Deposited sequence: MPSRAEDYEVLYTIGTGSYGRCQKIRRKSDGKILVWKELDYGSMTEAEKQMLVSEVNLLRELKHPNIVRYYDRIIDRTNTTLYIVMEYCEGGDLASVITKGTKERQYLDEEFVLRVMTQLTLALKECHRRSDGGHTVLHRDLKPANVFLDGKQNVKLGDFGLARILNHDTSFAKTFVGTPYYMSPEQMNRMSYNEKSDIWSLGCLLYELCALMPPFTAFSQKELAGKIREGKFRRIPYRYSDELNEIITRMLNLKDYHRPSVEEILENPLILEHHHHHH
């Protein structure tokens, strides 16, 4: 639990700085998030301490794992140490498919659907945005939900979270994410949020590309029902014949 115990390999991204690191003792590959709390109030640091302790409370194969926290009071820097996911985030995968003009395999979409649905179920059980930038791939085809720790348009904003949220709002968002994985675009696009809001209330979107089975289109479509009570539950999603053992996590 000391900075010197790890060695930085290189910076991945720059609230702070994310770095790929190696634990000296066993040579394990990890990452840490680098935060400068130097300018924080005692209050802001109090909320940060309790947010970080909530990261520690969740151990699930489909949720990005927390390992450690290092305080360096000399540089007023705080490091959050977590799982390295070698395949990166889903935003990149989607962007890479848009440009290489190549759609993702149904088998891949089935993996994301199964494993995100299980990550969700685990979150609800303890009572995290479901956007592509916060979903990660490890080296073995496993999917992991991370956590995020005005300009943007809220493509995944559910009908109910628009007209003032429950567990079925999470299902809508999962619907929007699987949809974008399939079509390489969100179900509802627009230039403003008022336009967006317009399209969402009509509840109309294009069928996902025809290379995807009717079965996969059906389930994604159900998640995007305007009525939360017509959207399938976590349990009803996993009961779907499409979802097979090999779509689940594997060590």
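- Of the deposited sequence, the ranges 1-2, 17-18, 132-139, 162-175, 191-192 have no C-alpha coordinates according to the record.
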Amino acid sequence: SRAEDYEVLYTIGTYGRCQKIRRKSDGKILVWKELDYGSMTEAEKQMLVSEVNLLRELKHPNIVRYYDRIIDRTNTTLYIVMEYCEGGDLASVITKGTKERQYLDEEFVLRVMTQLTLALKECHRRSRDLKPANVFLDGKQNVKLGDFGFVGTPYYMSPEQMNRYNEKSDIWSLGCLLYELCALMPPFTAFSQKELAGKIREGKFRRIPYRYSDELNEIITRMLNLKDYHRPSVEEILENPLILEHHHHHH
From here on, numbers count along this sequence of modelled residues.
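Rigid core (definition): largest C-alpha set, two forms, superposition within 1.5 Å.
- Superposing on the core and measuring CA offsets in 9 other deposited structures of this protein, the stretch of 51-59 and 192-200 with the greater mean deviation is 51-59.
- RMS Cα deviation from the shown model in 9 other deposited structures of this protein, rigid core fit, is larger for 134-142 than for the other stretch of the pair 134-142 / 172-180.
- Modelled in this chain, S127 is nonetheless absent from a third or more of the other compared entries whose models extend past it on both sides.
- Omission of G97 is seen in none of the other entries compared for this protein where the adjacent residues are built, far below a third.
- Per the PDB record, of the two stretches 5-13 and 226-234, 5-13 carries the greater mean B-factor over its C-alpha atoms.
- Across the two stretches, 95-103 and 133-141, the PDB entry reports the greater mean Cα temperature factor for 95-103.
- Per the PDB entry, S39 shows the highest C-alpha temperature factor of the residues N217, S39, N62, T189.
- Which of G87, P154, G146, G175 has the largest Cα B-factor in the deposited entry comes down to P154.
- In the PDB entry, a CA B factor belonging to the middle third of its chain's modelled residues is recorded for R211.
- Sorting the modelled residues of the chain by their CA temperature factor places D170 in the lowest third.
- Looking at the C-alpha B-factors along this chain, the one for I200 belongs to the middle third.
- Compared with the other modelled residues of the chain, the Cα B-factor recorded for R111 ranks in the lowest third.
- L120: CA B factor in the middle third of modelled residues in this chain (values from the PDB entry).
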